[PDB]
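The chain that follows stands alone, in the form solved without this ligand, written as structure tokens.
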């Protein structure tokens, strides 16, 4: 019943997606492709994680196949995506997580190998974007290549949708305090395009830009041209926070905002948007599957039309779980 999924690239996103798929069980992984990691290294990388701890289960290599919880997984080492025999392994959906094939033309090479549909775990210039709980009902099954946007967009979209539906956002600017990523340098190093990104990650705030706020307009058409922002990269490990400053049409006291956010988090957006009133910190959301958790006590309102909202999100676990959920919904809609 569950759809067969193949993963391209065994980086951070690919490993986390495999972990989420095996933890939730909504889909079955049957093939992985990576031209620079061998089988034993794959076992070592999957077994041990610095951020999320040891894998809860059994992983081993046998007969040239990665066996996780007794499920053999075919391993490929092709560099050209058009040469990967996805159909032979039985994979129906393919997750493109390498981060280098983001356009529709580049990502469509996987279709030649026998895959039916391709999901891009990154923003795409021309592929359609879907965010779970916001516009995933727009999927009609006639699209072969889509996109899951990014972690920041997935965190910002549900809260922005609720706020716009209840009070009518007029314009907003977003600032996100982000954790370090794999593109940063351990010590001040060489950067070709972004000079700031080449500086030492352990001792530099390194202010950075981001197009997630713009992409929210793509996900929600009514908010097109009304959002934008930047980002800061602090020397933390896993958890990021989003800060949204927006102007509302209708008057909205902070208690009303809290009530509507809690109501949305309970019924319609259960498991996607969280709500908390405790004195939480960043480490309290490690390995949390929510796309975004609204922090009631951290926000502040200048008046009835000018507020600042704070939302937490795990940029590793939440995005992978959202990718798995999107694949499951796509399989159900088939």
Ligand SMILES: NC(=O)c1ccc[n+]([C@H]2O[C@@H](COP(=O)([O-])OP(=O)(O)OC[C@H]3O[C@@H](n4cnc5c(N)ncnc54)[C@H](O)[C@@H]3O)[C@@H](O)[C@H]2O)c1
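Positions refer to the first chain, counted from 1.
Just so you know, the form solved in complex with this ligand exists too; it's not on screen, but the next bit is about it.
For residue 101, is any heavy atom within 4.5 Å of this ligand in the bound PDB entry, or not?
Judged by the heavy-atom cut-off of 4.5 Å, residue 101 is in contact with this ligand in the bound PDB entry.
Taking any heavy atom pair closer than or equal to 4.5 Å as contact, tell me whether residue 123 reaches this ligand in the bound PDB entry.
Within the cut-off, so yes.
Within a 4.5 Å heavy atom cut-off, is residue 13 in contact with this ligand in the bound PDB entry?
Answer yes; at least one heavy atom of residue 13 falls within 4.5 Å of this ligand in the bound PDB entry.
Heavy atom to heavy atom, is residue 37 within 4.5 Å of this ligand in the bound PDB entry?
Output for residue 37 is yes: heavy atoms within 4.5 Å of this ligand.
Work out which of the listed stretches, 91-99, 165-173, 131-139, 246-254, brings a heavy atom within 4.5 angstroms of this ligand in the bound PDB entry.
So the stretch in question is 91-99.
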